[PDB]
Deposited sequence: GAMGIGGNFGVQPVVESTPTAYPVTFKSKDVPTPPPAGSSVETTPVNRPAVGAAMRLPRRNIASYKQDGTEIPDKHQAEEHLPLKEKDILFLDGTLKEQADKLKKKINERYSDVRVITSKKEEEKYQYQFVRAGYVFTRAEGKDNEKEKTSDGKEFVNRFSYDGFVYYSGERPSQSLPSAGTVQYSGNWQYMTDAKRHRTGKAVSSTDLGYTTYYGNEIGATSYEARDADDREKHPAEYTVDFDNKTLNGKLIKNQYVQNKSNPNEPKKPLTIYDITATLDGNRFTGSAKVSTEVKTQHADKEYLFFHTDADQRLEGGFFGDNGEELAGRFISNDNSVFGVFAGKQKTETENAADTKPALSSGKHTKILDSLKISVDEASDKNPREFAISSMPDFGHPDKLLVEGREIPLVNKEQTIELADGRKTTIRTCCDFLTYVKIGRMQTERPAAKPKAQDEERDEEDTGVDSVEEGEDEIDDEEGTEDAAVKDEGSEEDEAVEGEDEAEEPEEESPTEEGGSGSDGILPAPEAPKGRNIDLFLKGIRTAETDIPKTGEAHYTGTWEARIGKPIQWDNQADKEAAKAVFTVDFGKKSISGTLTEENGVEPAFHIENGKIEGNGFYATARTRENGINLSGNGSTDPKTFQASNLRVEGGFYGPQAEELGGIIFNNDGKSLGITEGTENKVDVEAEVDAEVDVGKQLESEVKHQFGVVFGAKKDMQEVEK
């Protein structure tokens, strides 16, 4: 499938880009000269919503893909990146930059008739403006307002006569031909302050889940001899957005100062708003950085931007509350360790290679870009704010005959810390999945018709406990005790009976001595439950994933999830 709940405008992404438009400046039709009076073939080329590229991978990997696209079009042209401009921001999980080329020695894209007259002529310039993100935030600041600082890039459409009388692009504030034959780009801004052309400011209110921001252009300053000549900031866009999960959607509006003061220079490029056409997200484990994008109403501007951060009084009681859980435990298995799985906070959706794929009842196969094919089977219809299951990634290149390797995952959207009950006792029941390890292997499918996985917690007492049956009773099963739930999640200890039943051949017993259990509550008023059992250190979900407080290793994994009834 694909992303079935969003348009290319409001689609969540770990990276998005737009390519430089190049209008057809030819003066000939496909047969004879241009009947329009000394006009060109394409005098106005707006941007396209269907031309928005969505990226995946690390920050470096996303940039290389854009560099590959340019290098695929031209043989050996030098590619210019924004790595020099991004140095002063020291981003750790985001980028708001550009990749482009000037196509030195490369002629224009041309298509001519048999007689010789050319009816297609596009400048051989090429480039991108993009934002990239790593580690979508699983926990956010608990409350208050947080100041963010950063930069932004943009790319406009191509219009032949902005002022109506064929002026130079330098007079309008851009490098020659930019805005006329190709789109105007932030990386060819000519009338900006070279010290910092496009600074950006943000103010995120985590109390009201709202975002405010300003996209600013530092205007040109005549004298560059004084290092501290005052800047001339000019607000171009005013940003408003509302938070949802670790992402936000909103609008971008051109400032009135641009409209009334710079009516003949800046208003020629920034003249239409992006109403409900702005989206973004927070990146880093604790929402340290943000990145986003927007495209205006008339597709005249595509902008990208990035930002970075500059007890019981309130919800701010530790400054970090877990927002969502998305982790995996990596036929023979793979490296038995946990790792955060990128996600936007949608339990029934899995983020794989930039696109969100929906999760169905069980046994669906999705194909990756490199050639490997992974088949997943997630849990059951009754769980809605938490999902569990497993997936195995296979590369089907070994041609036999008829008929990271196997991972167990946990996904869910947490409950607000000011939404967990503080009074009473509740009962949950669900299912659980488990895998043995490298020696004699034992898999346990999550069923909800063969696994009981009962739970009980007194919210007034915070003493969660439960058992996950396999055959009958809890004799061939685990027992979870010593609850002590903590804020958004909980941590417990795992014990089994005298042994575990796997199948006088060799009764395959399994023993467990007070293993570590961690998990959290998901959704509304603690509708559901979920967690994991693992042993490397005090390093799991639940508490804000800092992975500290130990220290031995093993190879075993079991993930559970349950819903309540009464």
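Peer 1: Where does the model skip over parts of the deposited sequence?
Peer 2: Several regions go unmodelled: 1-37, 348-355, 376-381, 455-531, 632-635, 683-701, 718-722.
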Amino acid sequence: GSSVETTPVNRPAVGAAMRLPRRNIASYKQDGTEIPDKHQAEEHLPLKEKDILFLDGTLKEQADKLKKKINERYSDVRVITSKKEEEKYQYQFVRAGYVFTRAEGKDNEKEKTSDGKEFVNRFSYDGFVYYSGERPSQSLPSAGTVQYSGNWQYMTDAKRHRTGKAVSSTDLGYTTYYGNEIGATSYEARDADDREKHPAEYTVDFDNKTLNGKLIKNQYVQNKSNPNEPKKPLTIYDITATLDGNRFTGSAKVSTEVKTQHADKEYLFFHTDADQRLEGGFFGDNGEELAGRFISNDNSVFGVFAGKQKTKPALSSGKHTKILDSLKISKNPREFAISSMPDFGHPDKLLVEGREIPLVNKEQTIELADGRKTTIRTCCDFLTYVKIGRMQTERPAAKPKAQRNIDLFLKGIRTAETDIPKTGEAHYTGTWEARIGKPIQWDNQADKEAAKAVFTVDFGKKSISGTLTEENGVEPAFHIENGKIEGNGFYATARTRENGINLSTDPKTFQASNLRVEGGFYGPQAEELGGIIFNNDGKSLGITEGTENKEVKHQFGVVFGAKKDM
From here on, numbers count along this sequence of modelled residues.
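Peer 1: Comparing 185-193 with 436-444, where is the mean C-alpha B-factor higher?
Peer 2: Here the higher of the two C-alpha B-factor means belongs to 436-444.
Peer 1: Comparing 365-373 with 169-177, where is the mean C-alpha B-factor higher?
Peer 2: The stretch with the larger mean CA B-factor is 365-373.
Peer 1: Compare the CA B factors listed in the entry for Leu215, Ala241, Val386, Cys380 and report the winner.
Peer 2: Among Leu215, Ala241, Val386, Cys380, the highest C-alpha B-factor in the entry belongs to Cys380.
Peer 1: Per the coordinate record, which of the options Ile70, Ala63, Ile35, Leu53 holds the highest CA temperature factor?
Peer 2: Checking the PDB record, the top C-alpha B-factor among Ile70, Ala63, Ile35, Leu53 is at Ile35.
Peer 1: Which third of the chain does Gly292 land in by C-alpha B-factor: lowest, middle or highest?
Peer 2: Its C-alpha B-factor, which the entry lists for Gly292, ranks in the lowest third among residues of this chain.
Peer 1: By the record's CA B-factor, is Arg355 among the lowest, middle or highest third of residues in the chain?
Peer 2: According to the entry, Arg355 has a C-alpha B-factor in the chain's middle third.
Peer 1: What third of its chain's C-alpha B-factors does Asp458 belong to: lowest, middle or highest?
Peer 2: Highest third of the chain for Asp458's C-alpha B-factor.
Peer 1: Classify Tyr130 as lowest, middle or highest third according to the C-alpha B-factor given in the PDB entry, relative to its own chain.
Peer 2: Ranked within chain, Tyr130 CA B lands in the lowest tercile.
Peer 1: Name the third of the chain's ranked CA B-factors that contains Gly345, choosing lowest, middle or highest.
Peer 2: Within its chain, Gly345 is a middle-third residue by C-alpha B-factor, going by the deposited values.
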